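Asks: sequence first, structure after, both from an experimental entry:
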Amino acid sequence: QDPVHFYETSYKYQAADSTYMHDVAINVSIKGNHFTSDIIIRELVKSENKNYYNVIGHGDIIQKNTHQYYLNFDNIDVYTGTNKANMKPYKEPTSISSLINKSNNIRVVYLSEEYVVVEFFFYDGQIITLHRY
Amino acid sequence: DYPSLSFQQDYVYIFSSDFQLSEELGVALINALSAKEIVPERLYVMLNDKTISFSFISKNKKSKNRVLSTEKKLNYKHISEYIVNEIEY
Ligand SMILES: C[C@H](CCC(=O)O)[C@H]1CC[C@H]2[C@@H]3[C@H](O)C[C@@H]4C[C@H](O)CC[C@]4(C)[C@H]3CC[C@]12C
Ligand SMILES: [Ca+2]
């Protein structure tokens, strides 16, 4: 019976040494306790787009309460390239490869029909708003 | 766990384990945004060990979401100034 729900947002990241910034688009779709997600990262390292990353992930989303969820990835794939039109597979670094071995915590701090605000596991802790569609 | 809600006033929601820092930053944010005549629908801020993040929510617009990595710890003034500049720009 589970209908598909769509979520989307973006954020910008400023590195500690401020030598680069990331513009990160997040798309996630949920059906029952299943999810698939696409994340696109545009790396600006000279005020100039010089790298792109595409991260695809899917797995289960488990509900502890109406405000507490966890993501159990079955697989995460990464692609890279200096042009979005010609992306190539990229060998997962063991750090990112190991996000599959951690139930990744998602805490809802505000829930609405048009958007949701969560604390989640990027950077070991990030607050973000996701828009519903 | 993630930090819980440690300061809340008007449109501001601060998530940090430092209650004193949370209030200092919350008051500084409210004063700085009023000085800019900027009123969010809601403004969520999360302070972590090596990162700050925030979500500026405005009615019928995409949220403005930001993350700042910090190796040096930033004081409440610099955090407030960062958020206020990112929301403006
Ligand atoms: C693997 C590449 C390249 C890293 C490198 O080897 O230099 C990373 C560059 C940007 C990262 C992503 C980016 O920082 C945003 C996310 C952050 C989060 O902590 C992990 C997943 C992320 C989605 C993450 C996954 C790994 C990449 C895609
Ligand atoms: Ca993989």
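Replies: Cool, got the structure. Numbers count the residues shown, from 1 in each chain, chains lettered A, B, ... in the order given. Ligands and ions are numbered 1, 2, ... in the order given.
Asks: can you give me the helices in the chain?
Replies: I went with chain A, as the question did not name one. Under the criterion DSSP state H, chain A contains helices at A:94-97.
Asks: chain B was what I was after
Replies: With helices called from DSSP H, chain B shows them at B:19-35, B:76-88.
Asks: what lies in contact with the last one?
Replies: To tie it back to what came earlier, the one meant is helix B:76-88. Residues outside helix B:76-88 that contact it (C-beta atoms under 8 Å, 6 or more residues apart in numbering or on different chains): A:12, B:21, B:24-25, B:28-29, B:32-33, B:36, B:38, B:40, B:43, B:45, B:47, B:52, B:54, B:56, B:64, B:66, B:68, B:74. From N, CA and C alone the C-beta is placed, and that goes for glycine too.
Asks: weed out the non-buried ones from these.
Replies: When neighbours are counted using 16 or more other C-beta atoms under 10 Å in any protein chain shown, those contain these buried positions: A:12, B:21, B:24-25, B:28-29, B:32-33, B:40, B:43, B:45, B:47, B:52, B:54, B:56, B:64, B:66, B:68.
Asks: so which of the helices of chain B is nearest ligand 1?
Replies: For these, the distance to ligand 1 is smallest for helix B:76-88, at 17.9 Å, taking C-beta to the nearest ligand atom.
Asks: look through chain A and tell me its longest strand.
Replies: Ordering each strand of chain A by length in residues (DSSP state E) puts strand A:49-65 first.
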